[PDB]
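Q: My structure is below; once you've seen it, I'll send some questions.
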Amino acid sequence: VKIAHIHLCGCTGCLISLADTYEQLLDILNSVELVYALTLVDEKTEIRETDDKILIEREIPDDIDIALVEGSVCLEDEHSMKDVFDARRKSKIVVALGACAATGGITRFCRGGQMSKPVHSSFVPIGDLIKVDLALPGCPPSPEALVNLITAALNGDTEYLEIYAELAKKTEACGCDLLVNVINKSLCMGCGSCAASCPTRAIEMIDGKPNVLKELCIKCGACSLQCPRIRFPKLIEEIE
Amino acid sequence: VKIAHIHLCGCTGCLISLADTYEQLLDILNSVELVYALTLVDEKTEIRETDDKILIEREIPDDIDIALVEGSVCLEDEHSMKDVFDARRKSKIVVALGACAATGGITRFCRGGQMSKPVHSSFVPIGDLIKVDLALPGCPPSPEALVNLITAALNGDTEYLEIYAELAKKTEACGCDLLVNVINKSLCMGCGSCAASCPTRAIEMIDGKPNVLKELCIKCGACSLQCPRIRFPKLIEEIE
Amino acid sequence: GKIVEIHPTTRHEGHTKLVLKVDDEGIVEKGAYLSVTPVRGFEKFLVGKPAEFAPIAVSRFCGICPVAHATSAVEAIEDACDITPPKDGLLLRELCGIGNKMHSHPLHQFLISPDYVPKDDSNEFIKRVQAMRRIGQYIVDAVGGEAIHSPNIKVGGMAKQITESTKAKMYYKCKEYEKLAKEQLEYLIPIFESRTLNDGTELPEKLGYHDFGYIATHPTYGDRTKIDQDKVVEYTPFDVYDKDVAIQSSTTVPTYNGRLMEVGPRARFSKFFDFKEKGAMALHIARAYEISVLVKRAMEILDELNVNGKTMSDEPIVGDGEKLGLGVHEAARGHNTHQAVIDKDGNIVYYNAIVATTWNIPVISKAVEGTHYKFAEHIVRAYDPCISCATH
Amino acid sequence: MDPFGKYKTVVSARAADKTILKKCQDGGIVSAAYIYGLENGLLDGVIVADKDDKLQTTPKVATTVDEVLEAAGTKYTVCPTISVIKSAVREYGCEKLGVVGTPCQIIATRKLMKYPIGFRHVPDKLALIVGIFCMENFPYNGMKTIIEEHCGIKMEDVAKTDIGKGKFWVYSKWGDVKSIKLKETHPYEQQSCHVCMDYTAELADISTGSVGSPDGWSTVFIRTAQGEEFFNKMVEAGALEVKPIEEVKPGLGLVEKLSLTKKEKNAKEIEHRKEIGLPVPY
Amino acid sequence: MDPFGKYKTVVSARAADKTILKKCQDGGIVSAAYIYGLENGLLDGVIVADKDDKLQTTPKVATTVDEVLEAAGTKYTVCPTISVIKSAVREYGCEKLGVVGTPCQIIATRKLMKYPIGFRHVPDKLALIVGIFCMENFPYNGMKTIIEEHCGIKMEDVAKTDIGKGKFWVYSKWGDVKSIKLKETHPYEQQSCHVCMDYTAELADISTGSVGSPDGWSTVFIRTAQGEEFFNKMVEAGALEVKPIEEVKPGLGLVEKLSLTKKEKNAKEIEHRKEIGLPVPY
Ligand SMILES: Cc1cc2nc3c(=O)[nH]c(=O)nc-3n(C[C@H](O)[C@H](O)[C@H](O)COP(=O)(O)OP(=O)(O)OC[C@H]3O[C@@H](n4cnc5c(N)ncnc54)[C@H](O)[C@@H]3O)c2cc1C
Ligand SMILES: Cc1cc2nc3c(=O)[nH]c(=O)nc-3n(C[C@H](O)[C@H](O)[C@H](O)COP(=O)(O)OP(=O)(O)OC[C@H]3O[C@@H](n4cnc5c(N)ncnc54)[C@H](O)[C@@H]3O)c2cc1C
Ligand code: NFU
Ligand code: SF4
Ligand code: SF4
Ligand code: SF4
Ligand code: SF4
Ligand code: SF4
Ligand code: SF4
Ligand code: SF4
Ligand code: SF4
């Protein structure tokens with residue numbers, strides 16, 4: 001199994017969360033073969049020498065089986081868009097890793113105005129440009145949620161991954177997903193688990209309902225993924 | 001030729017916006033017979049007598065050509081739901097008048113916990129239960145925009161109404177439409193018209209880009225309707 | 001005469017490029033190390049947002065050291081509002097930043113390990129690194145509320161208190177970390193002193209020499225009074241690169257008293273421990289030596305901490321709309337600055353950041369000069385570059 | 001249609017500690033498990049639903065036996081117990097956490113364990129998951145109207161409430177007892193409960209309820225191996241008094257009737273929503 | 001493909017008043033129209049784009065002639081002029097408002113006039129809509145690099161900037177003149193301009209620009225009746241010098257070139273976006 005970590009306009013936090021499997025990471029790294037990851041390996045090096053220049057480039061390799069793509073795409077940066085179409089072509093399964101890649105996340109707030117690239121202002125999730133097969137929300141998703149994705153993908157546990165594959169079709173995330181889809185639809189019973197999932201503590205249970213402090217939400221989508229009144233696959237009911 | 005004003009969970013501000021056409025309201029009311037409006041006319045009255053009580057009830061009539069529906073639907077009120085389904089079956093053209101009816105608007109923030117109906121907490125736009133034909137955003141939409149809706153509806157000006165028929169298919173609005181569709185997609189040029197449209201002055205031009213003060217947005221959809229980089233039909237190019 | 005371009009450079013955080021004028025022999029005569037990552041422009045979309053949102057947002061600069069930016073953010077906002085966090089809140093805050101550095105430094109030694117650690121020692125070496133990072137991440141998770149991006153770092157102090165049990169568990173976890181550190185130091189210092197990679201290549205003695213000074217305000221936390229911001233000036237990439245390369249740089253060029261300055265572990269050891277060794281290897285050595293300073297300091301914080309003491313200040317977040325608050329913090333990779341102006345409503349009027357690596361990038365351009373170009377990336381990695389940080 | 005979901009064994013039980021019986025609602029299973037775990041190193045923190053002088057609830061992470069006792073008894077209003085599940089493993093530093101909740105709250109707990117996106121370090125610290133039976137719940141102001149306007153007792157004077165024998169019961173600080181037919185409470189119940197397909201907390205380690213067992217006892221369902229070890233440790237130590245359901249009246253049959261009544265009624269509501277176009281979980 | 005959209009007549013023109021010519025960019029058409037309207041009761045307010053010491057723009061509602069003269073001149077940076085269009089009708093109390101903007105900003109106007117959802121009382125008070133030609137625009141920091149880093153002049157010393165003859169120009173307060181090839185400015189231009197399909201502000205009552213006319217004159221496209229009445233009132237009162245574009249050089253031909261090249265170049269960007277999946281106006 002050839003795995004690759006592609007880094008676009010992210011922060012590497014999702015990669016660090018993968019590294020926070022520690023002992024499971026050594027297990028994981030010997031079952032798959034990490035062929036590309038600019039932060040970890042020296043691949044893929046290609047040299048082209050003329051009479052005036054020596055070009056040592058690190059390109060994306062081919063045969064990539066699963067590509068963990070982290071961060072959003074900057075439309076005003078040619079390299080950023082060249083690499084998101086590159087990863088799709090050279091990979092069979094493309095995983096939007098984290099809210100930045102899956103739904104925009106914090107980069108939704110980007111508006112530009114800051115040197116040194118004053119023209120950079122338009123950031124979109126990778127799903128707005130290429131096909132996404134699986135999507136992991138959160139900022140960052142937990143290491144435990146990561147090992148489950150990787151294990152299911154290697155064991156073909158398509159029943160487990162269904163919730164993320166369905167999630168790959170949606171490119172928008174916000175705390176208002178709890179209101180629009182649960183509170184407003186007369187489905188919220190007030191368990192409070194959505195509040196416990198939030199990384200910024202933007203959710204506050206009041207009158208038995210979640211109350212989103214909008215100026216603290218980073219649009220990571222962890223709360224709407226957690227709500228058992230949105231998605232509740234039957235496989236969860238199986239416990240030992 | 002038979003207009004009806006249905007009032008669900010609204011404030012009547014959109015009806016007042018209609019009344020603020022003044023001289024033009026008396027041409028509308030002689031061009032069109034007003035068959036139902038609890039705030040304006042005493043129809044349709046029926047008397048139901050049993051052994052116990054005499055019930056003088058005002059029902060929504062039949063054969064409504066245009067139905068201006070104002071306000072959202074409370075899923076915990078039987079009468080509220082009964083009236084939205086009644087208005088649909090008895091009208092040929094259902095118009096979502098205002099943000100409450102079209103996308104929820106302020107009533108998206110409802111969550112309950114308030115006597116005297118402690119269970120009321122779930123409010124959805126009418127489009128979530130019935131098929132909507134045309135949708136007017138805003139809180140409330142201007143009187144000018146209202147006369148253009150009615151004139152074009154009576155004249156069969158489908159080209160003009162196309163933008164509102166397209167809106168009737170969507171039931172979710174916010175200030176974030178501007179960011180996810182214009183700023184993040186490298187379409188915003190900084191005209192500032194969206195800031196001038198906001199009824200709550202929640203949009204503030206900074207670095208030539210609209211900045212949404214989320215704690216102020218009431219999700220009326222006036223800015224995203226205004227943005228010429230979202231919808232710019234060729235009909236606007238014909239001027240005198 | 002010939003040009004050598006290495007792009008992207010590897011085994012560090014982010015996306016950068018090397019542009020090297022070289023002679024017919026491989027020796028670089030003019031060097032240029034620059035960021036090309038797209039600029040997200042955090043500081044610019046924070047304008048108008050409430051002050052409490054700043055530490056939440058700037059934490060997303062980078063996931064390797066998010067604690068460094070939340071700390072500098074709340075220090076700048078507090079300074080602009082004349083807020084003083086309580087004794088125990090400030091202790092917890094420094095403990096949180098240390099825990100993060102306890103995970104970054106071993107992480108960096110894992111990223112460079114392909115060069116210096118032999119193949120047969122790799123698995124044992126990585127197990128030790130991960131055992132150390134586990135303890136460091138445990139501290140950030142318990143004090144900061146999350147291991148990556150800590151919500152408890154707030155304007156006013158720290159949001160939550162730890163229990164006497166969490167405190168004891170942390171202390172004995174630090175004693176374990178201290179033993180792992182002595183084991184790791186024993187192993188790496190001889191290799192860095194050898195100046196020989198694991199394939200046998202002996203690096204030049206003057207590899208990475210540069211003629212620039214250092215900035216550091218504290219060995220483990222930060223001190224705004226040990227620097228005069230008025231003397232910090234950000235210039236454009238045109239001041240250090242040629243025109244055709246300068247239009248590619250994504251960062252600014254920070255100076256102090258009118259000169260470039262290196263930041264990071266060697267800068268701190270120069271200012272507090274009299275460590276004055278030049279070159280690339282000496283940087284690695286200072287970072288390794290620092291692991292011991294960090295864990296010792298953490299245990300000293302645990303002894304002084306009162307788990308029942310106040311951690312959040314009651315002072316309100318109001319400003320005058322004019323004062324330019326200053327918040328500095330010694331991130332893993334060096335002196336890290338955030339600035340903020342807060343109005344009477346508690347909203348952000350102006351915001352700016354001068355991140356650690358940003359100082360280091362123009363030094364690296366001059367530090368690769370003088371050596372063969374196939375050593376350039378070894379000099380780059382010595383500075384533990386975090387480009388998402390440098391660019392933000 | 002499966003009445004009770006999966007389980008290993010069902011038994012009628014009550015706590016052995018008599019102080020517990022003086023403050024608990026039914027048999028005191030929830031408190032007896034929490035207290036036994038805290039005292040014998042099996043639990044270091046437990047989630048509870050406390051109340052104030054006006055019966056307003058608050059989820060809380062308890063660490064002492066007295067906190068558990070003060071949280072005993074049922075508050076028939078919505079209390080988000082899972083909202084503190086991360087705080088318990090963060091500042092509180094718990095690593096053997098006890099969880100209690102209605103079936104929908106246990107469901108949310110299994111969801112966050114299977115897909116722990118925003119629950120780093122949380123699932124592997126859940127040592128005991130105790131579910132309670134539930135037919136309906138209420139907003140606070142819903143109960144306030146039931147108690148103060150239909151039963152004629154101020155909230156500050158309420159000592160205990162209970163549902164049973166087709167009536168809702170209010171017991172006063174001053175010895176009074178008042179009851180109203182359960183039909184007069186229906187317009188006040190949280191509507192979102194009308195899509196719930198779980199009456200006996202079918203996904204918990206241990207489930208307990210009043211129905212099926214006599215007054216002062218609880219019908220208890222052992223389900224998982226984690227709840228099996230915990231339960232067997234308690235009965236060995238004598239912390240519980242167990243009688244087979246076959247011997248007690250009304251018996252398991254009532255539990256089957258009520259469970260299937262809830263599943264059948266609310267299934268019509270789910271299909272009704274699908275018909276008009278409203279979303280339902282899946 | 002139509003080059004200039006629909007129009008009635010096209011002339012070369014310039015303000016008759018000499019003080020306007022001293023402060024304006026080209027022929028002073030915008031300032032002469034605003035000043036004539038204010039002084040003869042055809043306008044009571046006009047939207048302008050002002051600048052500070054460092055060239056940062058601010059959209060403003062002006063009501064005096066001196067406010068119009070101080071806003072004269074081109075600032076090649078984004079200024080949201082339409083953001084104050086409701087402000088002028090509201091607090092300023094205007095009822096004969098003059099508007100100015102680049103083609104996209106004139107488009108934003110017609111849009112809000114046709115579908116005035118959030119523009120109660122606004123459309124009927126728009127008395128004159130003046131578009132200026134535009135090929136590209138820039139974010140402020142984009143222009144700041146061009147002036148300070150490519151032309152070597154501080155913004156605080158800039159007196160005027162102009163685009164012409166394949167070059168960008170900076171005129172200094174102290175007499176200096178610096179210029180660069182326009183290829184040095186392309187990387188700094190607002191990328192959302194690469195979908196613009198309007199060069200001569202085709203939807204305005206009156207359009208004006210520098211292309212086609214010599215230095216100190218403007219090409220002026222009259223399009224609507226409203227701009228025809230206004231223009232004719234101006235020439236009658238002698239407020240303008242008018243020459244046919246048929247006698248002046250370079251001439252309309254250069255305008256038809258530039259307009260078409262732009263439409264041809266940016267239409268390719270629109271089709272590029274459509275194929276890769278990015279949204280475009282329609
Ligand atoms: C809303 C509701 C409806 C119920 N409906 C039924 C029913 O139809 N049939 C049935 O047999 N049993 C029902 N129960 C459970 C029953 O009321 C008893 O609480 C249960 O048998 C446990 O009591 P105990 O004496 O064994 O333990 P106890 O010692 O009495 O402790 C009870 C525990 O439950 C927790 N708790 C109390 N109120 C709430 C709340 N609102 N939300 C979450 N946790 C809470 C407390 O933390 C406490 O520790 C219901 C409970 C609730 C809260
Ligand atoms: C970014 C930009 C690009 C342009 N490109 C071209 C081009 O390629 N070809 C061409 O012929 N003309 C172009 N123009 C217009 C031209 O430069 C002159 O502005 C135009 O001829 C009007 O000048 P004037 O002397 O007739 O009126 P003036 O008396 O000089 O007054 C001009 C008016 O325009 C307004 N204004 C100034 N800057 C801005 C701005 N940034 N946004 C909105 N309004 C503003 C001011 O309020 C002022 O009242 C451009 C203008 C801009 C702002
Ligand atoms: N260490 C560190 Fe950062 Ni990722 C850098 N460079 C920030 O404060
Ligand atoms: S989702 Fe969060 S942690 Fe992951 S790359 Fe984006 S900002 Fe960093
Ligand atoms: S998780 Fe869903 S059902 Fe539970 S409280 Fe949150 S929004 Fe309501
Ligand atoms: S409320 Fe919290 S969990 Fe939900 S999207 Fe916002 S930040 Fe993410
Ligand atoms: S849209 Fe606005 S004016 Fe119309 S009913 Fe709703 S709140 Fe009232
Ligand atoms: S920003 Fe203003 S116009 Fe846009 S949705 Fe919010 S309230 Fe409506
Ligand atoms: S109306 Fe659209 S294009 Fe104009 S400023 Fe607003 S978002 Fe940008
Ligand atoms: S009836 Fe169902 S949804 Fe309502 S409180 Fe009980 S378990 Fe939760
Ligand atoms: S080029 Fe077009 S989109 Fe850009 S500023 Fe000019 S008129 Fe607006």
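Within each chain, counting starts at residue 1; across the structure tokens, chains are named A, B, ... in the order shown, with ligands numbered 1 upward in that order.
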Using DSSP on the backbone, list every residue of stretch 110-226 of chain A that comes out as strand (DSSP E), and give them as a ChimeraX atom specification.

A: /A:123-124,134-136,203-206,209-212

Q: Store the residues of this selection in a file with N, CA, C and O atoms, as a short mmCIF file (atom, residue, chain, number, x, y, z; two decimals), in the first residue's frame.

A:
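The resulting result-v2.cif:
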```cif
data_model
loop_
_atom_site.label_atom_id
_atom_site.label_comp_id
_atom_site.auth_asym_id
_atom_site.auth_seq_id
_atom_site.Cartn_x
_atom_site.Cartn_y
_atom_site.Cartn_z
N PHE A 123 -9.31 31.12 -0.83
CA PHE A 123 -8.97 29.77 -0.40
C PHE A 123 -10.22 28.91 -0.40
O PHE A 123 -11.26 29.32 0.14
N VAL A 124 -10.13 27.73 -1.00
CA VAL A 124 -11.27 26.82 -1.11
C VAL A 124 -10.85 25.43 -0.66
O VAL A 124 -9.67 25.07 -0.79
N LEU A 134 -12.77 10.44 0.75
CA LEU A 134 -13.08 10.44 2.18
C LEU A 134 -12.69 11.80 2.75
O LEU A 134 -11.76 12.44 2.27
N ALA A 135 -13.42 12.22 3.78
CA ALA A 135 -13.21 13.53 4.40
C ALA A 135 -13.23 13.38 5.91
O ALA A 135 -14.16 12.79 6.47
N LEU A 136 -12.21 13.93 6.56
CA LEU A 136 -12.12 13.94 8.02
C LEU A 136 -12.28 15.36 8.53
O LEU A 136 -11.40 16.20 8.30
N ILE A 203 -19.32 26.08 21.84
CA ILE A 203 -20.69 25.63 22.07
C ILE A 203 -20.96 25.63 23.57
O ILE A 203 -20.12 25.21 24.37
N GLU A 204 -22.16 26.08 23.94
CA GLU A 204 -22.54 26.28 25.33
C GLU A 204 -23.97 25.79 25.51
O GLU A 204 -24.89 26.34 24.88
N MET A 205 -24.17 24.78 26.34
CA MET A 205 -25.51 24.25 26.55
C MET A 205 -26.32 25.20 27.42
O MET A 205 -25.97 25.45 28.58
N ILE A 206 -27.41 25.74 26.86
CA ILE A 206 -28.32 26.63 27.56
C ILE A 206 -29.74 26.17 27.27
O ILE A 206 -30.11 25.99 26.10
N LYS A 209 -30.19 23.09 25.03
CA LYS A 209 -29.90 23.19 23.61
C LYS A 209 -28.51 23.79 23.44
O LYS A 209 -28.06 24.57 24.28
N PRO A 210 -27.81 23.43 22.37
CA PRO A 210 -26.50 24.06 22.11
C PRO A 210 -26.66 25.49 21.64
O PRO A 210 -27.57 25.82 20.87
N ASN A 211 -25.77 26.35 22.12
CA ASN A 211 -25.74 27.77 21.77
C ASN A 211 -24.35 28.08 21.25
O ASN A 211 -23.37 28.04 22.01
N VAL A 212 -24.25 28.41 19.96
CA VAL A 212 -22.96 28.59 19.31
C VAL A 212 -22.54 30.05 19.44
O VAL A 212 -23.22 30.95 18.94
#
```

Q: Considering only C-alpha atoms, return as a short mmCIF file (atom, residue, chain, number, x, y, z; two decimals) with N, CA, C and O atoms, in the first residue's frame whatever protein or nucleic-acid residues lie within 7 Å of stretch 207-210 of chain E, sequence-local ones (same chain, fewer than 3 positions apart) excluded.

A:
```cif
data_model
loop_
_atom_site.label_atom_id
_atom_site.label_comp_id
_atom_site.auth_asym_id
_atom_site.auth_seq_id
_atom_site.Cartn_x
_atom_site.Cartn_y
_atom_site.Cartn_z
N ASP E 26 -7.49 63.26 -16.44
CA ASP E 26 -7.45 63.41 -17.88
C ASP E 26 -8.11 64.69 -18.33
O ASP E 26 -7.46 65.75 -18.34
N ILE E 29 -13.77 65.17 -16.79
CA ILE E 29 -15.18 65.01 -17.13
C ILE E 29 -15.99 64.70 -15.88
O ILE E 29 -17.06 65.29 -15.64
N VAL E 130 -22.02 57.75 -13.57
CA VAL E 130 -20.84 58.03 -14.38
C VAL E 130 -19.86 56.88 -14.20
O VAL E 130 -19.32 56.67 -13.11
N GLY E 131 -19.61 56.14 -15.27
CA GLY E 131 -18.60 55.11 -15.27
C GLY E 131 -17.30 55.63 -15.84
O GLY E 131 -17.28 56.49 -16.71
N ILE E 132 -16.19 55.09 -15.33
CA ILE E 132 -14.86 55.38 -15.86
C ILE E 132 -14.31 54.08 -16.45
O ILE E 132 -14.63 52.99 -15.98
N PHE E 133 -13.48 54.22 -17.48
CA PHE E 133 -12.87 53.04 -18.08
C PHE E 133 -11.97 52.34 -17.06
O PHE E 133 -11.51 52.95 -16.09
N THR E 200 -15.34 49.76 -21.04
CA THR E 200 -15.74 51.15 -21.18
C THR E 200 -16.93 51.51 -20.29
O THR E 200 -17.61 52.51 -20.56
N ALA E 201 -17.18 50.74 -19.24
CA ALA E 201 -18.29 50.98 -18.32
C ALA E 201 -19.60 51.08 -19.09
O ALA E 201 -20.30 52.10 -19.07
N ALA E 204 -23.26 52.64 -17.96
CA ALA E 204 -23.39 53.94 -17.31
C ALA E 204 -24.25 54.88 -18.15
O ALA E 204 -24.52 54.64 -19.33
N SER E 213 -8.15 59.57 -26.67
CA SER E 213 -7.98 61.01 -26.71
C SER E 213 -6.55 61.39 -26.35
O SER E 213 -5.85 60.64 -25.66
N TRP E 217 -7.34 65.29 -22.49
CA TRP E 217 -8.68 65.09 -23.00
C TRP E 217 -9.17 63.70 -22.60
O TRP E 217 -8.40 62.84 -22.17
N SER E 218 -10.48 63.49 -22.77
CA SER E 218 -11.14 62.25 -22.38
C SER E 218 -12.05 61.77 -23.49
O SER E 218 -12.71 62.57 -24.15
N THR E 219 -12.08 60.46 -23.70
CA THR E 219 -13.11 59.85 -24.54
C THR E 219 -14.36 59.66 -23.70
O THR E 219 -14.30 59.10 -22.60
N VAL E 220 -15.50 60.11 -24.21
CA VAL E 220 -16.75 60.15 -23.45
C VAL E 220 -17.84 59.44 -24.24
O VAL E 220 -18.17 59.85 -25.36
N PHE E 221 -18.40 58.39 -23.65
CA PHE E 221 -19.48 57.64 -24.28
C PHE E 221 -20.81 58.02 -23.67
O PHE E 221 -21.07 57.68 -22.52
N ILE E 222 -21.67 58.73 -24.40
CA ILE E 222 -23.00 59.02 -23.88
C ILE E 222 -23.88 57.83 -24.19
O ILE E 222 -23.83 57.32 -25.31
#
```

Q: Hey, what does DSSP flag as alpha helix (DSSP H) within stretch 34-183 of chain E? Can you give it to me as JSON, numbers by chain?

A: {"E": [34, 35, 36, 37, 38, 39, 65, 66, 67, 68, 69, 70, 85, 86, 87, 88, 89, 103, 104, 105, 106, 107, 108, 109, 110, 111, 112, 113, 114, 140, 141, 142, 143, 144, 145]}

Q: Write out as a list in words which residues come within 10 Å of residue D:265 when counting only C-alpha atoms, dropping same-chain ones fewer than 3 positions away.

A: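 Here the qualifying residues turn out to be residues 194, 195, 196, 197, 260, 261, 262, 268, 269 and 270 of chain D.
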
Q: Compute the set of protein, DNA and RNA residues whose minimum atom distance to ligand 9 is at most 9 Å, using only C-alpha atoms and all ligand atoms, and state it as a CSV table (one decimal) with C-alpha atoms, in the first residue's frame.

A:
```csv
chain,number,residue,atom,x,y,z
B,177,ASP,CA,-22.7,33.1,1.3
B,178,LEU,CA,-20.6,36.2,0.4
B,179,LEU,CA,-17.3,34.6,1.7
B,181,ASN,CA,-19.1,32.0,-3.0
B,182,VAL,CA,-17.4,35.3,-3.8
B,183,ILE,CA,-14.3,36.0,-1.7
B,187,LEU,CA,-14.8,36.6,-7.7
B,188,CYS,CA,-15.1,39.6,-5.3
B,189,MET,CA,-13.9,42.8,-6.8
B,190,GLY,CA,-14.9,45.1,-3.9
B,191,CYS,CA,-17.8,47.2,-5.2
B,192,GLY,CA,-19.3,47.5,-1.8
B,193,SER,CA,-22.9,47.1,-2.9
B,194,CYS,CA,-23.4,44.2,-0.5
B,195,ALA,CA,-22.5,46.5,2.4
B,196,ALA,CA,-25.1,49.0,1.2
B,197,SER,CA,-27.8,46.3,1.1
B,203,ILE,CA,-21.1,44.3,6.6
B,205,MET,CA,-15.7,47.1,3.9
B,208,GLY,CA,-11.7,46.3,-0.4
B,209,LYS,CA,-13.5,43.1,0.8
B,210,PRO,CA,-16.7,42.8,2.9
B,223,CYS,CA,-26.3,40.8,0.3
B,224,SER,CA,-25.9,37.5,-1.5
B,225,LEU,CA,-28.9,38.4,-3.6
B,226,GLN,CA,-27.3,41.8,-4.4
B,227,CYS,CA,-23.8,40.5,-5.3
B,228,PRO,CA,-23.4,41.0,-9.1
B,229,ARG,CA,-20.6,38.3,-9.2
B,230,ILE,CA,-23.1,35.6,-8.1
E,80,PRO,CA,-15.8,50.5,-2.8
E,82,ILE,CA,-21.2,51.8,-4.0
E,83,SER,CA,-20.9,51.0,-0.2
E,104,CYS,CA,-18.0,46.4,-12.3
E,105,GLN,CA,-19.3,49.1,-9.8
E,108,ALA,CA,-23.4,46.6,-9.2
E,192,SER,CA,-10.9,38.8,-9.7
```

Q: Within 6 Å of ligand 1, which residues show up when you count only C-alpha atoms and all ligand atoms? List them as a PyMOL selection string, please.

A: chain D and resi 24-31+48-49+71-79+101-102+132-137+208-211+218
